[PDB]
Amino acid sequence: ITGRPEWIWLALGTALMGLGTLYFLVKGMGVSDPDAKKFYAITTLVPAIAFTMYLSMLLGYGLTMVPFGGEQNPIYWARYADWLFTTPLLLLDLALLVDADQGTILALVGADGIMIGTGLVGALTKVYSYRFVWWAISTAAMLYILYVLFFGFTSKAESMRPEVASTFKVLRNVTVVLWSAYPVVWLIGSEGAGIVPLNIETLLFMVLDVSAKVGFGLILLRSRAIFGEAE
Amino acid sequence: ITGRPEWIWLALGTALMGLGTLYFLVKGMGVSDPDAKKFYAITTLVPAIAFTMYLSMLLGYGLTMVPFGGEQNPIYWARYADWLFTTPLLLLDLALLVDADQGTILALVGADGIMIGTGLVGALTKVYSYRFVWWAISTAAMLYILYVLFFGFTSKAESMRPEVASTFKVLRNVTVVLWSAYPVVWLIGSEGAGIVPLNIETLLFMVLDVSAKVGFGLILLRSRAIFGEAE
Amino acid sequence: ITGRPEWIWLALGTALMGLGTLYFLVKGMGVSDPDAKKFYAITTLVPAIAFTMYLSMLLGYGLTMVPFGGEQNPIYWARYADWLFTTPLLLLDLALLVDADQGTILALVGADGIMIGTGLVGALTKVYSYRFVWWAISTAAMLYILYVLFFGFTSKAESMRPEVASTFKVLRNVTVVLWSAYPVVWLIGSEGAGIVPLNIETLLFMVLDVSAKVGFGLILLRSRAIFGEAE
Ligand SMILES: CC(C)CCC[C@@H](C)CCC[C@@H](C)CCC[C@@H](C)CCOC[C@@H](CO)OCC[C@H](C)CCC[C@H](C)CCC[C@H](C)CCCC(C)C
Ligand SMILES: CC(C)CCC[C@@H](C)CCC[C@@H](C)CCC[C@@H](C)CCOC[C@@H](CO)OCC[C@H](C)CCC[C@H](C)CCC[C@H](C)CCCC(C)C
Ligand SMILES: CC(C)CCC[C@@H](C)CCC[C@@H](C)CCC[C@@H](C)CCOC[C@@H](CO)OCC[C@H](C)CCC[C@H](C)CCC[C@H](C)CCCC(C)C
Ligand SMILES: *C/C=C(C)/C=C/C=C(C)/C=C/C1=C(C)CCCC1(C)C
Ligand SMILES: *C/C=C(C)/C=C/C=C(C)/C=C/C1=C(C)CCCC1(C)C
Ligand SMILES: *C/C=C(C)/C=C/C=C(C)/C=C/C1=C(C)CCCC1(C)C
Ligand SMILES: CCCCCCCCCCCCCCC
Ligand SMILES: CCCCCCCCCCCCCCC
Ligand SMILES: CCCCCCCCCCCCCCC
Ligand SMILES: CCCCCCCCCCCCCC
Ligand SMILES: CCCCCCCCCCCCCC
Ligand SMILES: CCCCCCCCCCCCCC
Ligand SMILES: CCCCCCCCCCCCC
Ligand SMILES: CCCCCCCCCCCCC
Ligand SMILES: CCCCCCCCCCCCC
Ligand SMILES: CCCCCCCCCCC
Ligand SMILES: CCCCCCCCCCC
Ligand SMILES: CCCCCCCCCCC
Ligand SMILES: CCCCCCCCCCC
Ligand SMILES: CCCCCCCCCC
Ligand SMILES: CCCCCCCCCC
Ligand SMILES: CCCCCCCCCC
Ligand SMILES: CCCCCCCCC
Ligand SMILES: CCCCCCCCC
Ligand SMILES: CCCCCCCCC
Ligand SMILES: CCCCCCCC
Ligand SMILES: CCCCCCCC
Ligand SMILES: CCCCCCCC
Ligand SMILES: CCCCCCCC
Ligand SMILES: CCCCCCCC
Ligand SMILES: CCCCCCCC
Ligand SMILES: CCCCCCCC
Ligand SMILES: CCCCCCCC
Ligand SMILES: CCCCCCCC
Numbered sequence: 004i005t006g007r008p009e010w011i012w013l014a015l016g017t018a019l020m021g022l023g024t025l026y027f028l029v030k031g032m033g034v035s036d037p038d039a040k041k042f043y044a045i046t047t048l049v050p051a052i053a054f055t056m057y058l059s060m061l062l063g064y065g066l067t068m069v070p071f072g073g074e075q076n077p078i079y080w081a082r083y084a085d086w087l088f089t090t091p092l093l094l095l096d097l098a099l100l101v102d103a104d105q106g107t108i109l110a111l112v113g114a115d116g117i118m119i120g121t122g123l124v125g126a127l128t129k130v131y132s133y134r135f136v137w138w139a140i141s142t143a144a145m146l147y148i149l150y151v152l153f154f155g156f157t158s159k160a161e162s163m164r165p166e167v168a169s170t171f172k173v174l175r176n177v178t179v180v181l182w183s184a185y186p187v188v189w190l191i192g193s194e195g196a197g198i199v200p201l202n203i204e205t206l207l208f209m210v211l212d213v214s215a216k217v218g219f220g221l222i223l224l225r226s227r228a229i230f231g232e233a234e
Numbered sequence: 004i005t006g007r008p009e010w011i012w013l014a015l016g017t018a019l020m021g022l023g024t025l026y027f028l029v030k031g032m033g034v035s036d037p038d039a040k041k042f043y044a045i046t047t048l049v050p051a052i053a054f055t056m057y058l059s060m061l062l063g064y065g066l067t068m069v070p071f072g073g074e075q076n077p078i079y080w081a082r083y084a085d086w087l088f089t090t091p092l093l094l095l096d097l098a099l100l101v102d103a104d105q106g107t108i109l110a111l112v113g114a115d116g117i118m119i120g121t122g123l124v125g126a127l128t129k130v131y132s133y134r135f136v137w138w139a140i141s142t143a144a145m146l147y148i149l150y151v152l153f154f155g156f157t158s159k160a161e162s163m164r165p166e167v168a169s170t171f172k173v174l175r176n177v178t179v180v181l182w183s184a185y186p187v188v189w190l191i192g193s194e195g196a197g198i199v200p201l202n203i204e205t206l207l208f209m210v211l212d213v214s215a216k217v218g219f220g221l222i223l224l225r226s227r228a229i230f231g232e233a234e
Numbered sequence: 004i005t006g007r008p009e010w011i012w013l014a015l016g017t018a019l020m021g022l023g024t025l026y027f028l029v030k031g032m033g034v035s036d037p038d039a040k041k042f043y044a045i046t047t048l049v050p051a052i053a054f055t056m057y058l059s060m061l062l063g064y065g066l067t068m069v070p071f072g073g074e075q076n077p078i079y080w081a082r083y084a085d086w087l088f089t090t091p092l093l094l095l096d097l098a099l100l101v102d103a104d105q106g107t108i109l110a111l112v113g114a115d116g117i118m119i120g121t122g123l124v125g126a127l128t129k130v131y132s133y134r135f136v137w138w139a140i141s142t143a144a145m146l147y148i149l150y151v152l153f154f155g156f157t158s159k160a161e162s163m164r165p166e167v168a169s170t171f172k173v174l175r176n177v178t179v180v181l182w183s184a185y186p187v188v189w190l191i192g193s194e195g196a197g198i199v200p201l202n203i204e205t206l207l208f209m210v211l212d213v214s215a216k217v218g219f220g221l222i223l224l225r226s227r228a229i230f231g232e233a234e
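Chains as they are written, first to last, in the entry's author numbering: chain A, 4 to 234; chain A', 4 to 234; chain A'', 4 to 234. A prime marks a further copy of an entry chain.
In structure tokens:
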């Protein structure tokens, strides 16, 4: 395990996701409100899935070698397995907060699936120049998602409770900033142009992942917006 | 890319799915009705997914070699990845049109999953005679789906709005004819008996795919059946 | 096929799932009640999926070799493909019976996904001692599911119809006993410590699978709890 310099960040990531999972699990024990239960379920599952995939990367299972540029390049494929399930759960948290219509939710989840799926294909593609074609398609799917979060959701939040409108606005802003960093790190890291070494890349993704999951969850689950308006 | 004679049909397929995706995306921009949004979301996602998988076939990612009959046989596995997601979306379009009950929808999607999954296993099976066992099981799942579309849905459409009944009937008929061709092409093509060469097989699937997705979508999204009855 | 001593149990399993599938399919033909249709759909799909995966194991497709302990160890990976889809369907049968809230259903299905997914990783892991780390995480996800079935569902059933409360209690008890045997068989069988040989392991899983699917389904589909209260 320690044979890879990036192991320290995989281990820290595993620990922080594990701790985040346990914290949300305990916190949600005292919850009976049916609406709050939905948000706790979604939000606890996110770091639990990430915990398993960080562990698989730490132990070496979630790593494969991909030939491109005349080299055997270490590619952590387990990231995409994580993201396939956790990024639509994160979007679902946002969509339920603002009572999004079903068509909009399906558009978001579908675009998200395309985003992660094409990122996976790009990560595993052996023809170097083609990796960036997949990156571009994935990034276009991301831009669609960000567009919807701003010009379909923000003006939906404003007709809702003030506490859900303010909580949505904060989580929207956190999401757009954090999620936009992922394609940049991929592009300059070992999957793309290879300018930033894998150990630093792994650190960067770990900070983004913990912030986008445990950070996000801490903000959401401390808000009164997750509860039905009750006396 | 041009090293494979079937590349021209993969390229045309990619282009037509891409163009179809953009057309539906633009067309649905001016839509606020919650019901119509569902149909636009579902129907736009279908060629978008197909676009990505056609591209993966064009670039060579979605192709593998399978030993059977003492030969290395080129198998485009990306078709099944496409179909796994797009065929239940197509069925969902039909089921929502007639306000199908939840049990019926689950039966359809489940049978569809079995249909595509067993087709994939058959496509990748190395014992030649066993490929046709999987083809038979998949075809039985197809026949179940077609049965339900006729003797569970058609008489559901007739108690609904005339515009939804007439639109459903047309899309049902398009679906049954087009979908029934797929097992025949598989059986006589490079996956099955090998009587029709891969380049012609690829052409045939491209015509079926564009018709079943973009053709289907053009009929559906031009109907007033996708809108709630409103003043 | 007969080259593997466990083939007889794979063949019997295939037959019993096939027969169970046909029986439930015929039985549900005379059903119009929308609630009952849901239970028939879910419950018929379960042995149908299991039939396909038992067949893939019989024909040899669903088997791979995994190096650990200095040996090539036969691992039937198709079990996890089965279980990935059938165990959440089984939980859905239980959850719908007691009209579980959406948050609880998502927690169950999510924990179940983690349970099966980590079992799959453990089954395919090449470092022997690490296989048991994945077994432990999977078992913890199982224990969560069993906890919810007892201390979240049982007291939900009691405020419902007596026929649904009594049917739920029986199916809950069947589920907890049968499902708890699976991690034990894995641990002592060819995936784990290797004390029980593969042919006996295969027998054990076949008895558990038929009981947990066809047995379970026979109890559920003969109950009046699956019908809406109607005059
Ligand atoms: C509604 C939304 C969910 C829409 C989803 C959007 C989605 C369509 C976007 C594209 C997804 C698609 C790229 C998934 C591809 C998975 C694939 C990378 C798995 C690895 O297999 C690739 C090659 C080795 O590189 O296998 C070597 C050759 C092997 C023989 C491969 C044969 C097995 C195939 C992988 C079977 C395909 C199954 C499905 C792709 C399962 C989807 C997995 C998940 C990653 C989407
Ligand atoms: C409700 C509905 C959805 C019901 C669904 C119906 C469904 C049950 C029908 C059968 C689906 C099942 C056949 C999927 C099999 C996928 C498999 C072909 C992927 C390729 O792996 C096959 C061999 C190489 O040929 O791998 C070589 C050996 C490797 C070590 C394989 C180990 C990895 C396994 C593939 C893990 C299994 C994961 C699940 C099958 C994911 C499902 C993928 C999708 C195609 C259904
Ligand atoms: C809401 C709930 C559903 C939550 C779900 C919980 C879930 C997160 C729990 C963990 C699931 C995760 C372990 C699935 C891993 C599948 C993996 C074993 C498939 C086989 O690939 C493993 C190695 C060979 O051993 O591939 C060799 C290297 C290859 C290059 C691998 C590259 C292809 C990757 C497999 C692509 C990943 C796609 C997704 C994992 C699809 C999920 C399949 C299913 C088994 C969950
Ligand atoms: C918890 C993990 C999260 C929130 C991950 C988010 C990841 C993305 C938004 C990834 C986006 C990518 C692209 C837009 C193109 C390049 C490849 C990706 C997959 C890194
Ligand atoms: C957009 C793509 C569509 C509508 C594809 C439909 C495909 C089928 C109905 C495929 C059916 C098959 C069988 C019935 C058995 C042989 C294998 C298949 C998968 C080709
Ligand atoms: C129809 C099949 C059923 C009901 C299978 C149930 C399987 C399980 C509950 C498996 C549990 C496992 C663990 C808890 C850890 C070890 C690995 C598994 C996957 C066997
Ligand atoms: C969105 C953030 C992307 C920028 C990442 C900056 C990383 C700077 C680290 C120094 C680069 C290491 C190069 C020498 C090894
Ligand atoms: C459902 C349509 C299946 C029939 C396809 C007919 C294809 C005819 C093309 C000629 C066959 C090529 C054989 C000589 C290369
Ligand atoms: C939950 C049941 C697990 C116990 C399984 C008992 C199997 C006993 C069979 C005898 C073991 C075979 C060892 C000699 C080959
Ligand atoms: C490819 C995996 C996509 C599914 C991820 C799980 C999250 C799905 C959330 C469903 C949202 C509800 C839509 C109506
Ligand atoms: C194996 C992939 C199956 C899922 C495909 C996505 C479409 C699912 C549509 C869900 C229909 C709603 C059922 C209640
Ligand atoms: C990884 C596969 C998980 C999906 C299995 C299919 C069963 C899903 C049942 C959905 C229950 C409804 C939740 C709201
Ligand atoms: C186009 C929608 C406006 C809100 C999205 C902001 C786009 C940020 C760009 C992210 C950088 C990705 C490379
Ligand atoms: C049995 C249901 C009647 C409607 C379905 C028509 C079946 C068409 C056969 C398709 C050919 C597949 C090989
Ligand atoms: C902790 C919840 C109480 C009900 C679950 C009973 C646990 C049975 C243990 C199963 C054995 C697995 C190794
Ligand atoms: C070796 C790099 C070749 C450049 C490929 C860039 C493709 C980016 C596509 C953006 C439309
Ligand atoms: C393919 C990228 C699309 C980003 C711009 C959004 C187009 C308008 C969509 C309106 C729902
Ligand atoms: C080499 C071909 C052997 C014939 C197999 C046909 C099987 C079809 C099954 C239909 C019930
Ligand atoms: C070779 C076996 C080494 C023992 C591993 C047991 C790990 C079990 C983890 C339970 C917390
Ligand atoms: C509760 C702490 C969980 C941390 C387990 C994984 C950390 C890796 C240590 C090497
Ligand atoms: C908008 C046109 C999209 C076409 C891109 C793929 C066509 C392949 C050209 C070689
Ligand atoms: C209807 C009987 C189904 C049995 C088919 C599979 C049994 C395997 C026989 C070798
Ligand atoms: C993006 C950083 C999130 C910070 C989380 C802090 C949570 C405290 C309530
Ligand atoms: C099956 C062929 C479909 C033809 C689509 C034409 C759409 C015009 C409205
Ligand atoms: C766990 C054993 C189940 C027994 C099923 C018998 C069904 C008869 C109604
Ligand atoms: C990591 C366990 C958290 C302890 C409880 C925190 C207050 C709910
Ligand atoms: C008003 C919300 C500001 C949140 C910005 C957080 C940036 C990481
Ligand atoms: C809305 C601001 C987006 C900031 C992008 C930051 C990418 C590192
Ligand atoms: C391909 C872009 C379509 C242009 C608009 C067509 C009329 C909505
Ligand atoms: C009355 C509907 C006829 C549609 C037939 C289309 C055949 C491709
Ligand atoms: C309902 C008519 C079906 C026609 C099947 C055509 C197969 C090529
Ligand atoms: C296996 C076929 C079952 C025959 C009908 C049983 C009574 C519904
Ligand atoms: C009162 C229900 C008892 C069911 C026990 C079944 C054990 C297999
Ligand atoms: C509730 C009793 C569980 C029995 C476990 C049996 C495991 C073989």
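For each residue, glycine too, the CB sits at the ideal point set by N, CA and C.
Beta-carbon separation (whole angstroms), residue i vs residue j, contact threshold 8 Å
| i | j | result |
| --- | --- | --- |
| residue 229/A | residue 221/A | No, residue 229/A and residue 221/A are not in contact; Cβ-Cβ is about 12 Å, not under 8 Å. |
| residue 186/A | residue 138/A | 7 Å |
| residue 38/A'' | residue 231/A'' | 5 Å |
| residue 217/A' | residue 16/A' | In fact, because the Cβ distance is near 10 Å, the residues do not count as touching under 8 Å. |
Burial state of residue i, where buried means 16 or more other Cβ atoms lie within 10 Å
| i | result |
| --- | --- |
| residue 225/A' | exposed |
| residue 126/A | buried |
| residue 169/A | exposed |
| residue 198/A' | exposed |
| residue 119/A | buried |
| residue 54/A | buried |
| residue 5/A'' | exposed |
| residue 40/A'' | buried |
| residue 179/A | exposed |
Contact test: residue i Cβ vs ligand 32 heavy atom, cutoff 7 Å
| i | result |
| --- | --- |
| residue 224/A'' | no |
Residue i: CB within 7 Å of a non-hydrogen atom of ligand 28
| i | result |
| --- | --- |
| residue 215/A | no |
Heavy atom of ligand 13 within 7 Å of residue i beta-carbon
| i | result |
| --- | --- |
| residue 154/A' | no |
Cβ-heavy atom distance, residue i to ligand 33, below 7 Å
| i | result |
| --- | --- |
| residue 101/A'' | no |
Residue i Cβ short of 7 Å to ligand 1 heavy atom set
| i | result |
| --- | --- |
| residue 117/A | yes |
Any non-hydrogen atom of ligand 8 closer than 7 Å to residue i Cβ
| i | result |
| --- | --- |
| residue 203/A' | yes |
Any non-hydrogen atom of ligand 23 closer than 7 Å to residue i Cβ
| i | result |
| --- | --- |
| residue 221/A | yes |
Ligand 17 heavy atom lying under 7 Å from the CB of residue i
| i | result |
| --- | --- |
| residue 57/A'' | no |
beta-carbon residue i near ligand 22 non-hydrogen atom, thresh 7 Å
| i | result |
| --- | --- |
| residue 53/A'' | no |
Ligand 12 heavy atom lying under 7 Å from the CB of residue i
| i | result |
| --- | --- |
| residue 4/A' | no |
Chain A contacts from the segment 82–116 of chain A'' (Cβ-Cβ distance under 7 Å): For the segment 82–116 of chain A'', the set of residues with a beta-carbon nearer than 7 Å to any beta-carbon of chain A comprises 104, 105, 106, 107, 109, 110 and 113, in chain order.
Check each residue's C-beta against every heavy atom of ligand 28 and list, in chain order, those closer than 7 Å. Applying a distance threshold of 7 Å between residue Cβ atoms and the heavy atoms of ligand 28 selects 179/A, 180/A, 183/A, 184/A and 187/A, given in chain order.
Pocket of ligand 19 defined by Cβ to heavy atom distance under 5 Å: Ordered along the chain, the selected set is 132/A'', 135/A'' and 139/A''.
What residues in the segment 10–36 of chain A'' have a beta carbon less than 8 Å from any beta carbon of chain A'? Listed in sequence order: no entries.
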